[PDB]
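A structural walkthrough
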There are 2 protein chains.
Amino acid sequence: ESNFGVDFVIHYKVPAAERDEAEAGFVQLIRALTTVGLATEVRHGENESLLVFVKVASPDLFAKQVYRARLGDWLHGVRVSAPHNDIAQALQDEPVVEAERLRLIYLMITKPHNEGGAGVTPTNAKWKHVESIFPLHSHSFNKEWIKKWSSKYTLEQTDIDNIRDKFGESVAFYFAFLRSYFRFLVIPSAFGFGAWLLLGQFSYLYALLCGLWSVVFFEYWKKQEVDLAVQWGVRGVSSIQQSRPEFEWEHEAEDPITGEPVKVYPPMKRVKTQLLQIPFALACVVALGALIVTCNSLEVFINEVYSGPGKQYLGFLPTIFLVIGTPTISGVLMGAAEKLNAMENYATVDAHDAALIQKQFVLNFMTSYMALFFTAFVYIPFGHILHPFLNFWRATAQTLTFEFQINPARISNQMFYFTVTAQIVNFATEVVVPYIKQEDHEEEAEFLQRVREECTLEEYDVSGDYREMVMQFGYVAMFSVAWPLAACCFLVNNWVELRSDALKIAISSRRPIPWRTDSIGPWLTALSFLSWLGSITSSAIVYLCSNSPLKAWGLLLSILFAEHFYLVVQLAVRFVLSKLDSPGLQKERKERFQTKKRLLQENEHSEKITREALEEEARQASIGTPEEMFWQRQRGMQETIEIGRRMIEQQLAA
Amino acid sequence: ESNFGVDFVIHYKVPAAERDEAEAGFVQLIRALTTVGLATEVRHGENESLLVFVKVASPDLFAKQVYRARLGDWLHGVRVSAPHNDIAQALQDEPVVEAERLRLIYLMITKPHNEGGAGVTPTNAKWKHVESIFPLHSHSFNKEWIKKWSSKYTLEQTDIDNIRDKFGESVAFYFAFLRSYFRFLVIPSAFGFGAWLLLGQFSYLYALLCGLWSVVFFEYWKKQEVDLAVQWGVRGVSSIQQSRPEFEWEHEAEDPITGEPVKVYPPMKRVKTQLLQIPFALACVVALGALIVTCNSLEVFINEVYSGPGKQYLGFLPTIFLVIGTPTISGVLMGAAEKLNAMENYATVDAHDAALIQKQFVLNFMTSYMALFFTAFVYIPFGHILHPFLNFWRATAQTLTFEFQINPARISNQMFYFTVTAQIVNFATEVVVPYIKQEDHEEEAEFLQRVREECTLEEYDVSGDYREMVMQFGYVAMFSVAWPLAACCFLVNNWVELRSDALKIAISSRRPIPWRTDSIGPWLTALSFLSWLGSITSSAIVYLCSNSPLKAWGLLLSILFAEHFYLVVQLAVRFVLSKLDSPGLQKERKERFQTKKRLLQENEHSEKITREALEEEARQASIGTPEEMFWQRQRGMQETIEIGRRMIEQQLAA
């Protein structure tokens, strides 16, 4: 019921057709890991694969690897404090967590021979037989962490920090983002229930309240992430770039910024294939745009010809067919989001995911809101354009079988359907995968059985759940005025999602390779664009749905005021939160000072000043006469006093 | 025709009534300067004053003071490079400019006994007799710098950098701002002449062109000021705070950020008197607002009753009376801007001027544009409100002596009057002060005569001319669509102002005390607010003056589009100028690395890994049996190879 001290496990699938190649690749593989010091053990595997097992035998090699990497961060402004002990006295001062151990094991299996490692990245030239490298999961800790989280109402700061200790900094930021979003969701939750009782449908004051809250939360989290990165000491790691393993280069570069020549790729080949997203996004506009308008017009056509024999669940049934249908059609578009992104050669693995997301978000931006956008910005202001699409469907239904009444209250029903049915099918997909999983020395067989299962588990992507919580922010920031129970219905989800995603890392995936990132990433832009867009369409909805024919005086002012209510209250909160004097920033200017105070500690009056007058009076004697005779006029300071006093009475005589 | 090596000159006016006090103060003063090492010479003065003359005699004291201050900056991240030589080998590597010399002389006369100086700040408790401390001006360099500038068409980067060498960094930023504003003025200058020929009055395309240029200039200067601060090595000096001499404190503070206890002032007493500006600004609103409406209504009343017997110069004569009258009434309001600011106890001398300016700018914001604002936002859209003020003046003129026709083209005449007549009276005031100035050992009398004049000169404030060039940007960013020759008429001024202000430091003022500031200061906000406000009222003017009755569809869209044309092109240029890879930033990451590479240089394979297996096999022998017998199953890596190969054929047998 425990591990055997193993750090990482390499899969190395061996097929039948490339048998002699994979066998010769294996002995070349197992040679390479032994040079960098990995104590190696080979075990059996399923589908005729060979799971080799690695660990660091020599601690003083391993502590030197810790001492090398801690020196490597200290050069880049990551660590303010120097190690100062070339022998392991620095390591006894600051001990290695299990995250900092496993990364430096993973660096010794991935870094090339330039950086002192055996690079066994699978996507490079040979070893296409190595399928995956993974650390084994500790089920002993894992059972406690679920149990201790499931009994807890709230999550303390020591609960989030324990995730950093064993799962890395990038995984711990997702729970630290979620917890600080779960807590900040209660403010439009409770006020979204009070606006349901008091204010009624489409109030103006809730839109100004939500557009205030979405600034206050987002500016608070940007302050909180620079405090947490100080606390884990990962502040500034985004400034470090790490080169990509599968990055291809045409030539090496000269005149570098770091100083040593780097391998580069001419951007005219990259800006060609980056321009390929412009027809790809525009086709995906008219893919999803034609898809919504053929479901939305058909849905409004069916309530006119059947007159609703069932209830309103039957009236919106293709819209329900869209929400159960969208996580499939998001799956095919994320595949084209990743193939188009890997085709573009990106330099760093930070700037590779920094442009994956702004392709991944915009594609998810279309498929999650343009169904709602067509209700409140096409159907409500002018449904006269869809009247060709209605009678076109009337041409079929008469041949098949052998008065528009545009309701302003359609979106509040539609926002209700996008809220709960997406929350059902999400919690359906977070319950069905729990329900779809449900020789050799005769001692480690149960140990080996959990490993043989763990290769079948997929990797856990942290970005796959940021994209949900950002899209969950989009319903609250933009369209929550249509149904202010959404912030009430998201808050019950974010409690269980904080324990559902804790369960998803627990049993439905292997342990991720621990990484280091300062911020959440490029989501801080996508959380900020949704906040600003949640000022315009939060005000433009409450003007239309609360509607006299609609005047452009009314819309263009209600947009301009609330969008400039945003920019004022953005500058107020940025002013206020600058003056909160965060404890992560007080310590950083402090602890930098004592290290300089260390080097500070590393390193008569009248009688002196006459001697340089004696010095210059020798040099006029050796060789001008205005300059020397000016200064030697009053030689000592006592001579300056008496002449200074006698010039007063000389003036006082006059 | 040269100085005598003197650094600073202290005035110390001695009156008749406090004669014995000032005389006893003088001997106490001249005692204090001799302790910190100032070689002292006393000379005569006018109005029965005693000009004492100071210099540093001992160079090794003075080099240690240089070595102390260079260490002081290096602790705060100012200097990337360490001095590394406690003896003066560091100083021979990087020599002292005359600016860095005079500041450290001035620090020894101002810093208290805590920081190792004799604080002789005049505004502290005793020595109210010391009037001013000033460095003497070098007329030898000064005659060359005017002559070499007056022949030059353009100013090279070595011309601006010479100002830093003798006048400090804060003075050199004003010319570096002016030169980079003079050069960026030619873009709406030439395009403002082409819009005069082609487009005519109040074009829309020029407003989008100017609102583009005002982002491109301002974002360029913000990039350029972090390059110049790197080049002078003053980058980050704003992060250093310097305490104020005249700051009063109630008690010392505990738990500090630097570590040592500081003297503080409870903010409830300061936020009381900071709230005093709210009635002060609102009264100055209705001071200047009532002042414009009683001149503007009277001016439009005089063209109706006299029918213009003279020409249009006679028609706008109270508006001309306002522009010749405003530098006087700006003088009285700047006095209340400085008395109200000094009454508020500010901590640092940086944050003292950082709130002086936003009082000084807003007060100058009212008196320079609200005359134009009432033309284009009250008179043009609805002049029906001023009709009481007309017939009120008609009640007087009939008793004195015993049909509105609102012209849309009034502002283009009025913008012409605010352009050239302000430029006349400015160049009048920059020519009239040149035209209003036009015993003792018998050797230094001509030397002493230039000093006796120089006490009568006032100090040169750098902020007094930033406020002009920011206000000059306000006419271009906001109201240049009314008269696009303004950018043509400002460009001829900014050439001569670049040599006029070079003349004003030359003869019409003493040499300023050299300081150190990273940016221009809080003008970067006031240049940025004017840029954003130059998007709204640059579009709202061209809608009204080019005008059918005016629809709120038209105004509210023309505001919303151009103001969102601003925020898009702000984010584009911030994206583009981030990717220009400025040479001031390439060197900073470079030169930081070699200093870390210095500390980097300050600090078998298979045969090792079996020994820890031999280590653990002794410890199972001393004492678990799954963990040990797993790892000692395949002891050496060659044993891992053969079992790893035989598991393949075992699988291949199956």
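Here is what the cut-offs are and how they apply
Residues numbered from 1 in each chain as written, not as in the entry; some residues may be left out. Chains lettered and ligands numbered in written order. Heavy atoms only, no water. Axes fitted to C-alpha atoms, helices over the stretch in contact; angles between N-to-C directions. Helix = DSSP H or I, 4+ residues; strand = E, 2+ residues; numbered from the N terminus. Parallel < 35°, antiparallel > 145°, perpendicular 65-115°, else oblique. Contact = heavy atoms within 4.5 Å. Nonpolar A, V, L, I, M, F, W, Y, C, P; charged D, E, K, R; others polar. Buried area = accessible area lost by both parts, 1.4 Å probe. Salt bridge = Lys/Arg side-chain N within 4 Å of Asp/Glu carboxyl O. Polar contact = N/O pair within 3.5 Å; in protein donor to acceptor, adjacent residues only side chain to side chain. Patch = residues over 30% accessible without salt bridge, like charges linked within 9 Å, V, L, I, M, F, W, Y side chains within 5 Å. Areas by Shrake-Rupley, 256 points an atom, 1.4 Å probe, with all protein chains shown as cover. Pairing = 2+ DSSP bridges.

Details of the packing of helix 5 (residues 139–150) of chain A against helix 19 (residues 486–506) of chain A
Residue and element names in this part refer to chain A.
- Closest axis-to-axis distance for the helix 5/helix 19 pair is 10 Å, and the angle between their directions is 175°. It follows that helix 5 is roughly antiparallel to helix 19 by the angle criterion. Only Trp495, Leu498, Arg499, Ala502, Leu503, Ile505 and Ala506 of helix 19 make contact with helix 5, whose side of the interface consists of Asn142, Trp145, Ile146, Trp149 and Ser150.
- Considered class by class, the residues forming the contact of helix 5 with helix 19 number 9 nonpolar, 2 polar and 1 charged.

Here's the deal with the interface of chain A and chain B
- Taken together, the contacts link 83 residues of chain A with 80 residues of chain B.
- Counting each side, the surface lost to burial between chain A and chain B is near 8000 Å², with a carbon and sulfur contribution of 65%.
- In terms of surface lost to chain B, no three residues of chain A exceed A:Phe630, A:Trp631 and A:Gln651, which account for 10% of the buried area on that side.
- Linking chain A to chain B there are 2 salt bridges.
- Taking the shortest distance from any N to any O, the salt bridge between B:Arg645 and A:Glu23 comes out at 2.5 Å.
- Joining chain A to chain B, the criterion identifies 22 residue pairs in polar contact.
- Broken down by class, the residue content of the side of chain A that touches chain B amounts to 38 nonpolar, 23 polar and 22 charged.

Quick word on a nonpolar patch on the surface
Residues and elements named next belong to chain A.
- The grouping of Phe193, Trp196, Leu197, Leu198, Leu199 and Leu205 at the surface amounts to a nonpolar patch, some 690 Å² of accessible area in total.
- Looking at the nonpolar patch, the element that brings in the most residues is helix 8 (residues 186–197), giving 3 residues.
- Examined against the element boundaries, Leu198 turns out to sit in the loop between helix 8 and helix 9 (204–231).

Some thoughts on the sheet that holds strand 2 (residues 38–42) of chain A
Residue and element names in this part refer to chain A.
- Taken together, the 4 strands give an open sheet; going across it, the order is 2-3-1-4, and neighbouring strands pair in antiparallel fashion. Two strands close off the open sheet at either side, each with one partner strand: strand 2 and strand 4 (133–135). In this sheet, adjacent strand axes meet at a mean angle of 30° when their direction is disregarded.
- Here strand 2 runs beside strand 3 (residues 52–56); their pairing, made up of 5 bridges, is antiparallel. Within the sheet, the bridge partner assigned to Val42 lies in strand 3 and is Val52.
- Helix 1 (residues 19–35) contacts strand 1 (8–10), strand 2 and strand 3 of the sheet and is inclined by roughly 145° relative to strand 2.

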